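Peer 1: fold the stuff below for me.
(5 chains)
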Amino acid sequence: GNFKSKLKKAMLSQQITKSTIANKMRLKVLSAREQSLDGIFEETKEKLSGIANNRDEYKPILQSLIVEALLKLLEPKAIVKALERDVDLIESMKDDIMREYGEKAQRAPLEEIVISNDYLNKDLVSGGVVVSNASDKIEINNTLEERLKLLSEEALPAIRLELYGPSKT
Amino acid sequence: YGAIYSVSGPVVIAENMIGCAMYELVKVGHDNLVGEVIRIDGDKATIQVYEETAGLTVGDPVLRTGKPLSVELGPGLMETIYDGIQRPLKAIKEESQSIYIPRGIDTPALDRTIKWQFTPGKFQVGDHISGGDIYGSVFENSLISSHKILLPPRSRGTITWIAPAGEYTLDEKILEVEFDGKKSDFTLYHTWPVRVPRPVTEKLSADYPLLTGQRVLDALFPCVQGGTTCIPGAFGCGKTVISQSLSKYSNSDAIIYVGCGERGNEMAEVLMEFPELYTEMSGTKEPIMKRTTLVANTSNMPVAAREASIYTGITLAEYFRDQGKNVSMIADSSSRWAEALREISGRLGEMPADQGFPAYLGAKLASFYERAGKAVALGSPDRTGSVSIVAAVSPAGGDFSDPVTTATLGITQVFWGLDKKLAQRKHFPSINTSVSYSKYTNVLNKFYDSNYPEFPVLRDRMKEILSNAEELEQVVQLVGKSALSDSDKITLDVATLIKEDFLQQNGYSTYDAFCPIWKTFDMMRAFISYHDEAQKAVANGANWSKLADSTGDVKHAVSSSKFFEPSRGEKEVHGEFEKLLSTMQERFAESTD
Amino acid sequence: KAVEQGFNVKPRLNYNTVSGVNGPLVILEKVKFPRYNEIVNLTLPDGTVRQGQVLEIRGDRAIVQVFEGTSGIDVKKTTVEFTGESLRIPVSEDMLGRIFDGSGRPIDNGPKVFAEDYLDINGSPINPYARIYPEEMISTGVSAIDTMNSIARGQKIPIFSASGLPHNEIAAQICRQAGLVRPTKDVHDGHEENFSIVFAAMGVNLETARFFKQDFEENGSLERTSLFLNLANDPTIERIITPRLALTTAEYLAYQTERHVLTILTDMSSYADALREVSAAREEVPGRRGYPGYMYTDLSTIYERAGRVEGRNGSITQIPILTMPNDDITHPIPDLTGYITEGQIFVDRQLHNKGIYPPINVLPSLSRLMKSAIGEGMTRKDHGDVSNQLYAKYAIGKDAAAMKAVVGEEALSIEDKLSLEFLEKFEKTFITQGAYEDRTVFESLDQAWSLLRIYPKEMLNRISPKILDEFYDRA
Amino acid sequence: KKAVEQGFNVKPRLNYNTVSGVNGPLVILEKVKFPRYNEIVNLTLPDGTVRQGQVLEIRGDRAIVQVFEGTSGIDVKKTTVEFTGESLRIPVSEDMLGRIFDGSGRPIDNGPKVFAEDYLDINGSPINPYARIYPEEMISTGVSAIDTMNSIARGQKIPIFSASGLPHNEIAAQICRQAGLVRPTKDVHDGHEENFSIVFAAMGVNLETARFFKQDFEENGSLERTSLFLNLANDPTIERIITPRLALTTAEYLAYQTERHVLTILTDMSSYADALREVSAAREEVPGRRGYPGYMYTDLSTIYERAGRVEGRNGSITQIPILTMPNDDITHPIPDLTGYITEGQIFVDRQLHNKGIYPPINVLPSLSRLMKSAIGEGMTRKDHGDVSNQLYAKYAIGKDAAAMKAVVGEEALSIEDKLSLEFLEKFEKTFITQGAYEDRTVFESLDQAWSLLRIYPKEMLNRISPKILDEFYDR
Amino acid sequence: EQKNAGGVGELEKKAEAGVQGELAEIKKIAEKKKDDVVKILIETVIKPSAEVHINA
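Peer 2: Residues are numbered from 1 along each chain as shown, chains lettered A, B, ... in the order given. Structure data below:
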């Protein structure tokens, strides 16, 4: 028994250390894969910020995002918040967005879209706009950073089936 | 901004209250009765008013405060009696000389006029600080010396100015930290919402026993510093003895006694009692009131006060846990708190689930209990605190069918359930050694193996004897003792000896008032070895009637072993028990032949 | 010291806007700034005045419970003048000696009480720090009470009793025999050995009212008692405020005049019934048995106005008789009284059927502060252990009787047979007591010892051996 | 091909600042655009705290969002609630084995979010009754009292009924550490050909036990096969309803979309029922029997019946839903309904636990209805069924003869009963009694059972078939 | 006990060595497929599904 207690302690502690080390290694592999995925997402975010800069091709993207937000909100008068750089673009595309919402949805053309003076944080939002109902109560977020945030959660399985392929299912 | 729109008792439905948050304090009426919202309906906000609502009229202003029900933590609350809302009762009596607590009495929860000595601690100017970081130390009592004042858990930033050593009242600016550009201004006290647990870095495993004194509690169903229990709340003994025992001897560096729903005369007893409990406490005989807040809350006081009484108590206990003090929080009669929840729901109108209790009773008890962990405080320097609930549960008419006890049983690791038969026999303490349990028997083995190696084996033997003999008694009371074998007679008789001399404990005499762990272990050894000697002797020829007659002296010795005055110290009490056990063994060896 | 602040006239808004009336509560509309608890002097079309009380204001509506019932009220002609203040009983030291109707009107031939102060009936919370623990025992004389359930001066201790049991006789006996075990002095003056009872008969049949009146007359207590009678034929919501009226007069008497008062509240089960009626006509969420959810608080406010106070020589003992229905303690009235009141005297039916008086059953009876009004320096030294021993052996005897019923007498050990003999002699000679016996606690303890001496000294195990060796063999 | 490419579309989420009302754990919105019924929301507090909530009811343009993590702090003006477009759905992948998950699906350990293979819906779908197939082979649990003579078959859903304070919550850890197929024990071929896993699900466990589970699965090797879904007692109760659904969805994934078997554990389903009461009363539903909602049986079945083998897919979910006896009575709705849906019961008995036995399995009432499927020549040894039968019979004989030892004396018992007392002592102390960390292979446990039954002569083993005795009794 | 401690240290080192291969494979796969995953994510984010909610 004098040897039995300490030797059982030795075997139990060796098994515990082996199990803990194995768990740490498995979590390390999983966390390394997650860090690689986060690096891919960070490259995607930088690419989105870069794509927002080319205004010539970004204007259709902004108009379509505003149209999608207005269609989802489905209200006849909406307030749109955008960065200071895109205020002129929104003002120029107001009529086109009104007409498109009058055609994308079978509603009448939008009564009035007002660009808010509370500009979005240019240091965080890389692009897009955050539409809001006439009372600024029911607001939809359509910023490119927030869209990528939604996508990074709604398309993890597609990312896996793209990068790795079917494993054992 | 606001205005009353309905009154129905504690429920006062204000209006124009748009913007108020749920559970937010909101002064009510021109008397500024203190109330909190519990339902928001557009403008309106149903407020429970914590007061005698009589006299309120529509149009009475209800001015928000924007802070949840907050307890004023900090030095000064160590020695003081508090009401459920943390009203200092003695301060109320002093400022308002009448014997009545005036409606809507402001009195700060902590004495502002007192000037506490203060030492600067560790952090210096320009040094970053975080929530829970100790930045000072105040000499509160001779028994809570170095009450380490600590930064509020949420706030953080870099220090820009820290006051030097000296004396400061409660409001004095002690520390001025800067976060972003807005530099918060910190004083010697800080509030905290009682409804949210005080955050900790990490909750460890409670593994050092809370020596509660009563023999059956420490031996059969041990409790642990940082655990949780249910003393039965019976009159005379059980609750009454355990409260004083854990107050005086349990080595809990701080204590909070929150008597929610306790009868007024019982509190008047407690208030005249705790100032007089230095009789046998360690150190240099200081009153334990220097070491215990108590949250007095008589039943007559309004419902919401009873509901928030144990929240205030447990937030104070969490505060004293965040300084590394092994605080214990004796929540007396939590069934009264559950009744308060029942009737506040009834006023509120929501559909009750069980016996009229609200459905969320289980979740509410879980939230109140799970703040009982032994945890490291949140900020540097690292320090290990531990709060341990002791929630008396008045059993009412029923035994365990009452939904409060049933919902509690799924949470508390330790449950010293009452035994009606032992109470009717006036067998104190009267806990039921068949339905009680302690999920802390196995975690404590780390402690037992170092100090008392045979303690778990002896406890298992004691339980086995008691259970086998209760089985046997359930038959002999129906048939008779004639047919019992000698081994059966020994099991039954040793069970009677145990139940009368080990489990039973006066709790009032100078001996056995607080049975320390070593004396309890030695008596466990004596009784178990007596049973083993009897069983081994009758395994040989000797019939048991003659053996009992011949070793009545040994039986009386092991029975009167309880009389050993624990103040003699382990050095000689253990010697007495060694002598007793040796004479026991030699007498049984003699009488075997 | 002057109360000259009262010389002001506040004209009272007089409505005619009774929206509707159902059950005992009228409902009012178009009120201008209603107060939550202000009473209302609503006048019926007959010209009579019924004193209501606002129950819950809401905007310009005010549900008003109406004392004296709602029969005869209407909508077209009922006028409800609002007094601006809550119910305030005119209180004085001259009320001592005359009989008040339930709602404070003096049914005695004398005039209205010439009050020197108006106390709110709801009182106010007594600062628990300012409260002082009641330790002076009162010798109620009932041996079943003084020995094993000792009432201490300031304690609350309801006499739980079945319907039809003689709880009234027990309460009258306790009034007749009340007195501290170690009084201040022998003389009536200086010692003040007379409790100035304040008795509140609420929902009692008129025979009980006559019994209490003539029993106070015979004893001479009627010169120092304020009988708040609210009989059976008296209204059913007036029972809400009769206990509050009695307790606020008791508070005036004990705390503000340093007098010693024993406040009986008879038939508080009827109070719970009245509360149920009001809170079931309010469409409230009901509690365990249809009773209001808030019964605990509005019974604590009745009970917890008892006990001594620091700096005042007065004290409010109170013994609220409680007609527990169907004779089960877990009924929500006795179950919610056992919570609030420290201890209870359980008047038990099957003991009464066997002819024992008083039919007090010890095991369910309790006094949660008996432990401090005993021992040395107050009553006999051995009181605390004798009480425990009597309780334990009574329980053992009852268990032995149950076994004897279930299983033949053979299975009973010698201890069980001795316990059966002890229980018989107990119920027949110690619990049993004449209606005027007045057993002082010392001769009660002597009887208890002459009873316990049935057992061998080795068998009185709950008695400390010192008390045994000192008292057992004295004989 | 994989059709999961549909997940690349981005769906912007509306963010309503219109929380008109707040009531208990509910918040009530207005002017909502098509509010889906069951729909997770990220409710933002005024200070910026995100607090998940689940839509509980819709009416026109009003959605009664039920909020996790309490409700305190939710105002009417500044709080903004954002609708995620779909109901709650766990992200699943074949490599969550080894992640201790929180109640709401978020990994609570230091690891990262699961690289989801799929986002399976929580409630899943009922298993096609025609697509079930009968449980066939043993799923060894390492516990001697359970493996031999309360055996569990792949697909059976057998509970562990347990008293309030019994160590059932440690038997769960023991099973989860020691569970496994008998194929590796068979040693005739590769037993790891078809992998095994476990998906533990603790519901309502206090932190002193959740940390015990996490530590005891990390320290031992059981984590690389377990998906420990811990939610605490003070974690939001809606998460307590979610957790069993979470664990069963993970189990359905691992057992059908992949192929590995799984022995899912549901700890303390009584606490899950307690949380279901809160959900039911939140919807203002009237309480059914005992306070539990009348549809208790439906939402218990929709958990239990998500288990069993499947035609085609090789995997199989084995449930062992542990539940605490509310007051140690089978008649309680939760044990009654669980035994009414499950395939048996495995008691843990207070009486044995007070003797210090571990595990305190009470064999006499415990039974596995479809045990006979998992017992035979192919799986376990061929003598397993008769060993179980004989052990149960001799244990019953031992129990009643231990009852008679006190009635007819030890010497008057027949030699069968004397041998039965000896067998019962050795049984309860060596066979049922198992070290907390002692893994006993079913073959080894049967060897102990034989070493225990050879107390009796071959003639007294009437229950065992002679063809088995003639080759197993002597060895 | 000493052998168990040494084996624990050697097992930690061997586990790090074993996980190094898997981490290297993960980095290689990420470096190979990043240029395509980023392109797909950018196309999905920048291309909106302008469509009135069903129940228009």
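
Peer 1: could I get the phi/psi values of the residue in the stretch 101-250 of chain B positioned nearest to chain A?
Peer 2: The nearest approach of the stretch 101-250 of chain B to chain A comes at residue B:180, 15.1 Å away (Cβ to the nearest Cβ). Heads up, the C-betas are built off the backbone N, CA and C, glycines and all. The phi/psi pair for residue B:180 (degrees, to the nearest 10) reads phi 50, psi -110.

Peer 1: what is the neighbour count of whichever residue of the stretch 401-550 of chain B sits closest to chain A?
Peer 2: Of the residues in the stretch 401-550 of chain B, the one nearest chain A is residue B:449, at a distance of 9.6 Å by Cβ to the nearest Cβ. Residues lying near residue B:449 (other Cβ atoms under 10 Å in any protein chain shown) number 13.

Peer 1: surely residue B:121 touches residue B:136?
Peer 2: Yes: using Cβ atoms under 8 Å, residue B:121 makes contact with residue B:136 at a distance of 4.5 Å.

Peer 1: of the two, which one has the most company?
Peer 2: Taking neighbours as other Cβ under 10 Å, residue B:121 and residue B:136 compare with residue B:136 leading, 25 against 18.

Peer 1: what count of nearby residues applies to the residue of the stretch 101-250 of chain B closest to chain A?
Peer 2: Burial of residue B:180 is recorded as 6 neighbouring residues (other Cβ under 10 Å).

Peer 1: count of residues packed around residue B:192?
Peer 2: Neighbours of residue B:192 (other Cβ under 10 Å): 23.

Peer 1: overlap in contacts of residue B:121 and residue B:136?
Peer 2: Residues touching both residue B:121 and residue B:136 (Cβ atoms under 8 Å, 6 or more residues apart in numbering or on different chains) are residue B:148.

Peer 1: tell me the contacts of the residue in chain A positioned nearest to chain D?
Peer 2: Residue nearest to chain D within chain A: residue A:34 (3.6 Å; Cβ to the nearest Cβ). Neighbouring residues of residue A:34 by Cβ under 8 Å, 6+ apart: D:112, D:113, D:115.

Peer 1: tell me which helix or strand it sits in.
Peer 2: helix A:2-53 (DSSP states H and E).

Peer 1: what of residue B:12?
Peer 2: Going by DSSP H and E, residue B:12 is in strand B:11-15.

Peer 1: is that strand positioned near chain D?
Peer 2: No: using Cβ under 8 Å from any Cβ of the partner chain, strand B:11-15 never reaches chain D; the gap is at least 12.3 Å.

Peer 1: okay, now the residue in the stretch 451-593 of chain B positioned nearest to chain C: neighbour count?
Peer 2: Proximity of the stretch 451-593 of chain B to chain C (Cβ to the nearest Cβ) peaks at residue B:480, 5.3 Å away. Around residue B:480 there are 16 other residues, counting by other Cβ under 10 Å.

Peer 1: what of residue B:358?
Peer 2: Residue B:358 is flanked by 26 other residues according to other Cβ under 10 Å.

Peer 1: and stretch C:170-190, what's buried?
Peer 2: Across stretch C:170-190, burial judged by 16 or more other Cβ atoms under 10 Å in any protein chain shown covers C:170, C:171, C:172, C:173, C:174, C:175, C:176, C:177, C:178, C:179, C:180, C:181.

Peer 1: and the first one, which of the three is it?
Peer 2: Going back to what we said before, that points to residue C:170. With DSSP: H, G, I helix; E, B strand; the rest coil as the basis, residue C:170 sits in helix.

Peer 1: also the one 4 residues further on?
Peer 2: Using three-state DSSP, the secondary structure recorded for residue C:174 is helix.

Peer 1: contacts only, for it.
Peer 2: Listed by Cβ under 8 Å, 6+ apart, the contact set of residue C:174 reads C:140, C:141, C:142, C:145, C:151, C:262, C:319.

Peer 1: now the third one. Nearest residue, chain neighbours left out?
Peer 2: Put plainly, it is residue C:142. Of all residues not flanking residue C:142 in the chain, residue C:358 sits nearest, at 5.8 Å (Cβ to Cβ, 6 or more residues apart in numbering or on different chains).

Peer 1: sounds good, over and out.
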